[PDB]
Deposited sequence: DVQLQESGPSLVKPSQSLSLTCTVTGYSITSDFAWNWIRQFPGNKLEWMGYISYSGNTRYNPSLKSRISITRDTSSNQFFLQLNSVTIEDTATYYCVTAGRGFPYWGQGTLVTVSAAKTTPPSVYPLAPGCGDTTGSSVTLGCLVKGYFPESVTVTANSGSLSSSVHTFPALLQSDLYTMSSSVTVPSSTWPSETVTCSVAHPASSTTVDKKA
């Protein structure tokens, strides 16, 4: 099999460049196949952006051609996406993908937000009288909530945008022989390096 992984920034400002790396393991990108970038827009619409071949030949979507470059580093077994002159409309989840016999191998995908809004950490607030946690006023999209060190298996509600900042929440359900037992939600936000704690 082949394994692929996207890395790069979560937030790019408009007019600037989006740059992503795909690290390929288990197979050499010079051996066979085409090595693609595909994106998925917030409404689930997919668009093929382009590829670089095993031989280093590139093909681009005509809608993107003047704005795009796909390159490779064969020593590191990586290939790269660069998308320039970006607009808010370039907000999407970006995937690196192998095309050979169809599209067998896909990276996990990485979300890239194009916006002029400034990076902001979240102000986690507790939610006690089923229990919960309310995570408010962060930017950009990038939170994960974990209940009792992964012991609780618990609803994650997707973020909504209010006042150009994001708000989301999470709920846990335990039998009333507990909260008795202590219940804590661990709230992690990678684009802040803050694990904004809280906590009863």
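The deposited sequence has C-alpha coordinates everywhere except the stretches 130-139, 164-165, 192.
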